[PDB]
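Notes follow once the structure below has been shown.
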RNA sequence: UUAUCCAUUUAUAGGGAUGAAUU
RNA sequence: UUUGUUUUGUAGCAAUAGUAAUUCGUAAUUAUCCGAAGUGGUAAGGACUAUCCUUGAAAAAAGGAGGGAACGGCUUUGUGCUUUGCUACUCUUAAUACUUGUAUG
RNA sequence: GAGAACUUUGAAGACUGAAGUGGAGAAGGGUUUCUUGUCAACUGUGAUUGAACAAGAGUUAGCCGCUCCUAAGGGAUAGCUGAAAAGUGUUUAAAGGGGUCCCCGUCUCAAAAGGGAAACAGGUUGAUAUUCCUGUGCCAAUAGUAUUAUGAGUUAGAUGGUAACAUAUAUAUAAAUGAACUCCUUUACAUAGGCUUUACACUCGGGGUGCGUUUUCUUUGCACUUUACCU
RNA sequence: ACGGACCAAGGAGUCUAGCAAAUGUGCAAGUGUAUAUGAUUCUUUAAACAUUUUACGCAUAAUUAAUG
RNA sequence: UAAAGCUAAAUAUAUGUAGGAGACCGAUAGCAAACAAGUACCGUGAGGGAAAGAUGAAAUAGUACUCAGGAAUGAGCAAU
RNA sequence: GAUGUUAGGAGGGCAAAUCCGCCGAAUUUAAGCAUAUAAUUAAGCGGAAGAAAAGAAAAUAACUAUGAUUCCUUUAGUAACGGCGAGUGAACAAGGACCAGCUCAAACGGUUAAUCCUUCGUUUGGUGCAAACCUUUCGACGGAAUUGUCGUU
Ligand SMILES: [Mg+2]
Ligand SMILES: [Mg+2]
Ligand SMILES: [Mg+2]
Ligand SMILES: [Mg+2]
Ligand SMILES: [Mg+2]
Ligand SMILES: [Mg+2]
Ligand SMILES: [Mg+2]
Ligand SMILES: [Mg+2]
Ligand SMILES: [Mg+2]
Ligand SMILES: [Mg+2]
Ligand SMILES: [Mg+2]
Ligand SMILES: [Mg+2]
Ligand SMILES: [Mg+2]
Ligand SMILES: [Mg+2]
Ligand SMILES: [Mg+2]
Ligand SMILES: [Mg+2]
Ligand SMILES: [Mg+2]
Ligand SMILES: [Mg+2]
Ligand SMILES: [Mg+2]
Ligand SMILES: [Mg+2]
Ligand SMILES: [Mg+2]
Ligand SMILES: [Mg+2]
Ligand SMILES: [Mg+2]
Ligand SMILES: [Mg+2]
Ligand SMILES: [Mg+2]
Ligand SMILES: [Mg+2]
Ligand SMILES: [Mg+2]
Ligand SMILES: [Mg+2]
Ligand SMILES: [Mg+2]
Ligand SMILES: [Mg+2]
Ligand SMILES: [Mg+2]
Ligand SMILES: [Mg+2]
Ligand SMILES: [Mg+2]
Ligand SMILES: [Mg+2]
Ligand SMILES: [Mg+2]
Ligand SMILES: [Mg+2]
Ligand SMILES: [Zn+2]
């Protein structure tokens with residue numbers, strides 16, 4: 002909830018970062041997305 | 088009491104421990120930070136996750152003509168520390184903002 | 002019983018038995034017991050079993066970069082003395 | 003953009019000074035990036051590389067100095083020692099392995115395995 | 001009794017005739 | 001220094017803040033903010049009384065007491081101790097200065 | 001807006017009805033918060049909405065917690081078992097602290113509801129606030145040496161009060177000698193029952209302000225009339 | 001009685017060991033060059049070739065619990 | 001000639017790395033995995049564990065332009 | 001004997017196909033099942049190496065005798081074991097691959113431990129661009145050791 006350990010917080014942040022979509026410019030030279045409600049991080 | 092004939096491990100390399108450049112990464116824009124700069128002479132800096140308040144203060148002293156009364160910090164969910172730095176009354180954050188950029 | 006064995010009882014499922022595990026990063030550190038289910042974390046030993054071949058394969062030496070081991074491979078082939086560069090120019 | 007061959011000749015203080023300047027420059031670039039700019043965003047990479055180069059040069063100089071300091075003297079720091087697979091380090095030196103009990107040595111000296119061409 | 005075993009304690013004076021208590 | 005009378009103070013915080021108004025301007029002024037009481041819902045405290053073959057945690061931390069160890073400072077002489085001579089001393093907070101790693105969170 | 005029963009605003013009519021779809025938190029979730037966009041899919045009807053999609057942003061503490069203490073307990077040290085793995089935790093230990101050699105003495109984790117240094121009000125953001133701002137405090141540190149001041153005491157350690165006990169009001173009650181070694185107390189405690197005291201809530205009547213009713217009636221009905229920690 | 005809604009693809013007497021019979025083939029009181037060696041053998045060659053300038057198997061004799 | 005000890009070779013290798021081969025498999029096959037595969041995802045957990053290859057010679061030919069559409073798309077006398 | 005953050009070092013964990021120790025089942029087979037079988041297997045625990053282990057006869061033979069170990073061909077599905085059921089089952093010889101032997105202890109040397117190690121050194125060399133290595137013999141100052149080091153066989 003609203004009191005995390007630092008490690009957990011960092012993990013959450015990491016997950017969030019992972020979430021974001023392919024930078025579109027790359028496509029000129038993703039399947040692991042997760043929606044917070046349907047698939048859990050299972051931490 | 089130790090008296091080793093030679094020391095075990097001698098890191099001859101330049102220190103890896105974070106200097107001013109590396110500790111404090113960049114100021115924040117964003118409307119919030121701009122507002123802060125305007126109204127209550129608080130400069131917002133993104134910093135390394137392993138910056139302390141003391142350390143941040145030191146960095147600020149070194150990197151700019153800044154004297155800081157108080158520094159609040161927080162760990163952002165992007166893996167950066169955001170340090171809210173309230174300047175002493177002698178300085179105008181706006182002027183210092185201008186100086187930095 | 003509204004909190005009966007099925008759905009009602011799944012409502013009372015909060016509170017982790019396992020958390021993250023320093024060492025394995027695998028959310029299988031039994032908090033109350035203070036022991037990782039896939040490591041034996043406090044035991045200085047990895048807790049792997051010949052009866053779990055799949056398990057064995059999914060955490061062996063090859064699986065994950067080998068920061069040092071990889072670097073040392075080829076050295077035998079080269080057989081260069083340590084400390085030695087090539088000739089300049 | 004400073005490449006290493008220029009930097010080897012420089013003294014350590016000078017190198018340090020250079021490095022600090024480079025770091026400052028990098029910081030400036032970062033600040034610019036943070037602010038709404040993309041003018042010299044691509045300049046940063048080069049600066050970073052330069053910094054790295056400088057660090058490398060300085061580090062090697064330091065290592066050399068250390069080596070000079072600890073030349074011979076039986077024991078040394080474990081850094082400056084022969085970093086080498088643990089087993090090899092443990093292993094008996096070839097000479098040690100060779101070393102023969104005196105009688106055996108004598109025997110070897112007297113009756114060595116001869117060459118003898120059969121016809 | 002000395003092996004062995006059990007107990008007891010800070011291993012605290014060898015055997016007999018409703019205060020304080022320390023340098 | 002104690003008695004009598006009066007004027008203040010929402011005791012300080014405190015009206016500068018809030019609230020409800022009223023205007024005036026393209027943020028400022030003004031006026032208000034106070035005299036009686038009941039109900040006993042909630043909480044806390046108090047003093048008690050009762051029940052138990054149920055008598056209802058511990059420690060960090062703090063305090064108090066008992067006890068009487070130790071005992072001024074400076075100057076001079078001899079091997080921390082003893083002798084000789086003089087009277088501002090022992091505390092105590094607060095500030096200030098200076099070296100000692102940069103002596104506030 | 002291309003398009004609206006289910007997007008927005010207003011006007012009605014309703015419901016939740018302080019055991020609330022109201023305010024706060026815990027577990028759990030993890031960015032779902034927020035603004036700007038926005039509609040391929042999803043939002044089992046529609047959809048311009050959205051907890052969807054995209055871009056950015058957002059979480060500020062000496063005082064709120066964790067952090068310290070110990071609890072049921074856990075993991076270990078000594079041993080001792082056991083082929084080991086493990087199993088037991090003073091069972092036959094040479095097991096770090098306190099004073100000026102003596103005297104104590106397993107370690108460590110285990111409470112985000114037990115124990116516990118200290119914070120309140122108002123304001124402010126698109127999104128944070130006992131955390132920022134203004135103001136007002138509080139707590140704990142604060143090394144030595146030297147000056148200053150502040151007061152005590154002595155010309156080596158105050159007095160009062162019959163007593164219960166009281167007294168340092170200096171910016172601020174700071175100071176009333178105290179070692180070893182002891183002994184207490186606080187920490188520190190069940191449930192029930194009523195009784196009482198205070199605050200909060202509610203209400204009543206009066207004064208003051210505004211709004212409401214006004215075919216008729218109503219000195220009227222409603223709102224506001226506030227006051228924190230700290231001393 | 002059971003299985004079968006439909007369609008596509010996958011989907012079940014195999015491989016080794018040792019024995020036998022059948023049949024083919026070679027040689028025949030022999031037969032099989034077994035390991036291994038050797039070669040002017042070396043993409044194929046992990047095959048093919050060779051057998052030192054009385055090995056062993058099965059057969060050639062049976063029978064007995066056995067000395068035989 | 002027990003109750004002490006050492007010792008190369010011929011031997012083994014379904015592990016790892018690197019080579020090389022095949023009367024082997026050819027994307028429901030072959031490793032679970034030809035692809036960001038021990039990945040996603042499920043399970044408190046020990047564990048479980050997928051699907052998913054092919055445009056063309058060349059996208060340095062990946063759909064310009066016009067019309068109708070709110071747009072998707074559609075159409076073309078237009079186009080690679 | 002404790003004690004040391006004394007000086008110097010070592011162990012710990014990962015990985016396992018082959019390998020070495022333990023520990024150790026049952027499904028299964030026997031048309032049931034109980035000994036047997038599965039199997040001195042799987043799992044478990046520990047430990048090594050490029051291989052490991054074994055190994056230089058307290059061996060086999062009964063010959064005209066061989067001569068460490070290992071491995072292959074065989075002996076041999078034989079001797080033997082076995083509710084003599086199911087089933088299990090070697091060894092020697094023979095032919096090869098490969099072939100390597102040894103040192104402690106004990107005996108002997110006291111007109112003398114000749115040994116051994118730590119630290120500090122000293123000065124000829126060799127390859128290297130350096131870094132490092134490679135060897136060379138010479139003392140000291142320590143210790144260890146007569147409860148036994150070294151040589152001799
Ligand atoms: Mg949580
Ligand atoms: Mg859910
Ligand atoms: Mg904070
Ligand atoms: Mg539990
Ligand atoms: Mg006011
Ligand atoms: Mg709906
Ligand atoms: Mg209603
Ligand atoms: Mg109702
Ligand atoms: Mg939202
Ligand atoms: Mg729908
Ligand atoms: Mg929106
Ligand atoms: Mg989203
Ligand atoms: Mg607190
Ligand atoms: Mg503690
Ligand atoms: Mg306990
Ligand atoms: Mg235990
Ligand atoms: Mg604790
Ligand atoms: Mg608590
Ligand atoms: Mg909010
Ligand atoms: Mg039927
Ligand atoms: Mg049937
Ligand atoms: Mg049917
Ligand atoms: Mg069917
Ligand atoms: Mg035939
Ligand atoms: Mg022997
Ligand atoms: Mg051996
Ligand atoms: Mg496949
Ligand atoms: Mg190990
Ligand atoms: Mg059976
Ligand atoms: Mg059967
Ligand atoms: Mg049966
Ligand atoms: Mg096993
Ligand atoms: Mg060996
Ligand atoms: Mg054999
Ligand atoms: Mg036969
Ligand atoms: Mg058997
Ligand atoms: Zn683990």
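Protein chains in written order, with PDB author numbering: chain e, 2 to 30, 38 to 51; chain Y, 88 to 188; chain c, 2 to 90; chain 3, 3 to 121. Cβ coordinates follow ideal geometry from the N, Cα and C atoms, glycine included.
So residue i and residue j are in contact, right, with Cβ under 8 Å, and what is the actual spacing, rounded?
i: residue 55 (chain 3); j: residue 110 (chain 3); result: 56 Å between Cβ atoms; not a contact.
i: residue 147 (chain Y); j: residue 111 (chain Y); result: 7 Å
i: residue 168 (chain Y); j: residue 136 (chain Y); result: 6 Å
i: residue 2 (chain c); j: residue 9 (chain c); result: 7 Å
i: residue 28 (chain c); j: residue 50 (chain e); result: 6 Å
Any heavy atom of ligand 3 closer than 8 Å to the CB of residue i?
i: residue 159 (chain Y); result: yes
Below 7 Å on C-beta distance, what does residue i contact in chain c?
i: residue 51 (chain e); result: 21, 28
Taking 8 Å as the line, does the beta carbon of residue i fall inside it for any heavy atom of ligand 37?
i: residue 144 (chain Y); result: no
i: residue 17 (chain c); result: no
i: residue 27 (chain c); result: yes
Should residue i and residue j be called a contact, given that it needs their Cβ atoms to be closer than 9 Å?
i: residue 53 (chain 3); j: residue 25 (chain 3); result: yes
i: residue 184 (chain Y); j: residue 115 (chain Y); result: no
i: residue 79 (chain 3); j: residue 89 (chain Y); result: no
i: residue 13 (chain e); j: residue 164 (chain Y); result: yes
i: residue 85 (chain 3); j: residue 113 (chain Y); result: no
i: residue 144 (chain Y); j: residue 134 (chain Y); result: no
i: residue 173 (chain Y); j: residue 124 (chain Y); result: no
i: residue 21 (chain c); j: residue 8 (chain e); result: yes
i: residue 37 (chain 3); j: residue 152 (chain Y); result: no
i: residue 99 (chain Y); j: residue 75 (chain 3); result: no
i: residue 22 (chain e); j: residue 46 (chain e); result: no
i: residue 103 (chain c); j: residue 49 (chain c); result: The requested residue 103 (chain c) does not occur in the structure, where chain c is confined to residues 2 to 90.
i: residue 10 (chain 3); j: residue 28 (chain 3); result: no
Under 7 Å between beta-carbons, which chain Y residues line up against residue i? List them in chain order, please.
i: residue 17 (chain e); result: 164
i: residue 29 (chain 3); result: 108
i: residue 81 (chain 3); result: 96, 97
Note down, in chain order, every chain Y residue with its Cβ under 8 Å from the Cβ of residue i.
i: residue 9 (chain e); result: Correct list: empty, because the minimum Cβ distance to chain Y is about 11 Å.
i: residue 13 (chain 3); result: Result: empty, since nearest Cβ-Cβ is about 15 Å, beyond 8 Å.
Can you pull the chain Y residues whose beta carbon is under 9 Å from the beta carbon of residue i, in chain order?
i: residue 69 (chain e); result: Lying before the first or after the last residue shown, residue 69 (chain e) is absent from chain e, which here runs from 2 to 51.
i: residue 61 (chain 3); result: 99, 100, 101
Along chain 3, which residues have their Cβ under 8 Å away from the Cβ of residue i?
i: residue 187 (chain Y); result: 33
What does residue i reach in chain c if we use C-beta pairs closer than 8 Å?
i: residue 155 (chain 3); result: This structure cannot speak to residue 155 (chain 3), because chain 3 is shown only from 3 to 121.
Can you list the residues of chain 3 that residue i reaches, using a CB-CB cut of under 7 Å?
i: residue 137 (chain Y); result: Under the 7 Å cutoff, chain 3 gives no residues; its nearest Cβ is about 18 Å from residue 137 (chain Y).
Between the segment 100-107 of chain Y and the segment 28-39 of chain c, are three or more C-beta pairs nearer than 8 Å?
no
I want to know whether the segment 5-22 of chain 3 touches the segment 44-51 of chain 3 - three or more CB-CB distances under 8 Å.
no
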